[PDB]
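Two forms of the same protein chain are encoded below as structure tokens; each is given separately, as structure 1 and structure 2.
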Structure 1
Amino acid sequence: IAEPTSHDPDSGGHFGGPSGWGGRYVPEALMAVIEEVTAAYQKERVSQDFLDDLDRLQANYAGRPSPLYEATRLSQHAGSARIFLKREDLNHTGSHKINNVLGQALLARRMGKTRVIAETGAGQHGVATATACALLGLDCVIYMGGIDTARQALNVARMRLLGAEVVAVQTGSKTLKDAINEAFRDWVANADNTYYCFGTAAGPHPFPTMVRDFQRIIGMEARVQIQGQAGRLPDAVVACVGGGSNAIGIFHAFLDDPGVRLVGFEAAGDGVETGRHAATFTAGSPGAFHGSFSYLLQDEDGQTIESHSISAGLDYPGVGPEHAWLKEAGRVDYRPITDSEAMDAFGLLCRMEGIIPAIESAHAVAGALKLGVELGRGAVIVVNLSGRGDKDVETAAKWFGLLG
């Protein structure tokens, strides 16, 4: 039933020591509802009836398991390595986000919450949240940076058709980190009745662990599929890293396979030397940010440096604490991928395999091409295709001169 607790943090939410990564950097005003969510999740994560409810929705409603497709036509552009795409782009709503949302929305229902709020950057987590709230009869309010509502407008409209109120956030950089700030403000004001459905493997305990646990299904399936299709464990598993939910979800099943390399690719925007990027591990340093102790882009006084990326889902100056722990431990390598590298990979996946990826996922495809050259002929590389690019079609068409 439930997977082991080997890589989990302590009861305070710390990875790698009682004052290590993670924790709870929140006001006391939220500690009641946070302890309540932590207790609700601790109870339900070991309940077979809760796991049965989640499994039932994943199979018949979300369409799991997602397939594993060998993208043979990519091989010659990746040093003749073999690229396998974990097809989360085929999940209901079009991304991995639905995995975590289905678990948290069932939880919100088990707790008797009637109102659900969430932040969103690319709009995939917002759409998924609005999707489950429609499914379960919950009132839904999504917070989204004003810049993101303009470049992911397809998802704004999807959320509204699903009955959710979308609030455009105008403060700060008007992107993901600022939608999170407004969702935070909403939650302390409405702790009594509102569940906060957080979309990535970050934030205060228990969210890094709960989100990873709901995304573990990706890596569990992929580990079985790759052994059936390639006959062995992969040489590498790779994913893009914003807050870290899709990467940790596919990484986790391979953590104890000492021969399986793990690489996360973060967004480098114009370039890491330009100050217009989101390369949290490449250019950031440890600190407290958005309820956890992890890496973030911060200046000399500890003020957050605003991130930039063509990808709204990776345009985030922070990263989840379990990734910080895995980096410090040397288990996972994190590398930057630029806007141009991602869009090259985007277009290459389109014309070679007929798959239109999310621009977020294109960062992981781009990194796998580079990694395939490093590993060379025959190497088996599993790539998490975290979502499809319907939301990015307008942006991609302009980039490639297909609208003028």
Structure 2
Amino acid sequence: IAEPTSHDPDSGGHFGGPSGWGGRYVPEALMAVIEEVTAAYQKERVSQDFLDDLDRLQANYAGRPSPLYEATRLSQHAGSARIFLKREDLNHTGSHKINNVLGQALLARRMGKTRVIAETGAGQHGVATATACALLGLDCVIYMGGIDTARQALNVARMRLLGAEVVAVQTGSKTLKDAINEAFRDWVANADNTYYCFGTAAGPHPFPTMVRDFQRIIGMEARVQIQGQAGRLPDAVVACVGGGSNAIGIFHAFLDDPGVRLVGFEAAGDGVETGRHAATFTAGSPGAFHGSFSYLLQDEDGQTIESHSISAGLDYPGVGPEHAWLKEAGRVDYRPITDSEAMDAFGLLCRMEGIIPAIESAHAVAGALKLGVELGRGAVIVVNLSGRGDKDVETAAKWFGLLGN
């Protein structure tokens, strides 16, 4: 069923007032295609037939519901709190990103679009988009920086096995920003037949709201499950925060539960005092970036500061505007977790529970262990385990000296 709209933004995309967070900080050149997608999605998000299509794919293709696992062997490291892992690591493709691309790829076909484009950093969103496009028979083009294509030979081959074209952007700094630039320019030129699959809960309206809608399911499932297994609502629900899609998906269902604390864990890299981090809420300030007014890491002139993290998925200088709203409103707390804290949690989770998490998700695990110590014995903490760690085995093996030289 179509879910309620109490936490939704206004028709301009603003959260918390007609000139607050979110909005559309974009060129007029993009507005025809942004208005077309917005109207398409206003129609489809209340259509029972669309929700049935999406539910059918979630169930049979992607394997939802994902389970909730009480990780009893972590307890001793979390102040004897109880850590429940929402297992998005078991989704098809190994993360929550499948929820998003299924929704958008279905919406692309409803709009009569034959072609989908997207961009990617390390490759994860690229692979997910390509996966959904293969399923629905859409032409798929992924833009990726030349420094990333050369360093991700196997993810490029995944995308190509899936039938997508990978365009290596060799201009400028040859990175994610140059790929984003090309995807937006492609979208404008080919708006007639082309849909842009935005990767996280950010960008211009309607993307923060749409992406969150397609991730709501995590939190909805988790609220039923935790009451099933613990016998009550949790004392806390937590998640890692890049752009913010996995976090907002798990948080949403708990928003009107005033006893449930909500905590997002962001990448502190080498440490927030070092200037090599991606701690947007902790060290950043309000500004317009990538189409929304939210928080970002910026210098005194408003240029974007380069961010650093051991994980690719959290290495983003911004954050989704719904999170900015939830911070200003006092509803969610955002806290920093270092590379080291994250890798310790990664390793702890492999040894203790036999689960290799994504390094991104390991930030949430590490923060959950700390939150456990604060709240003490018997506290119930739901952690979004946003992805599996197969892609990260080489990085983690080097960290722990398992490869040598």
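The first residue in the sequence of structure 1 is number 1, and each one after it adds one. In this text, the rigid core denotes the largest set of C-alpha atoms whose superposition between the two forms falls within 1.5 Å.
Once both forms are fitted on their rigid core, the CA atom of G121 lies 2 Å or more apart between structures 1 and 2. A displacement of 2 angstroms or greater separates the C-alpha positions of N190 between structures 1 and 2, with the rigid core held in common. The chain behaves as two rigid parts between structures 1 and 2; the smaller one is rotated by 14° relative to the larger (C-alpha superposition). Summarising the core-aligned comparison between structures 1 and 2, the C-alpha atom of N155 is found to shift 2.9 Å.
On rigid-core superposition between structures 1 and 2, the C-alpha of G20 is found to move 0.3 angstrom.
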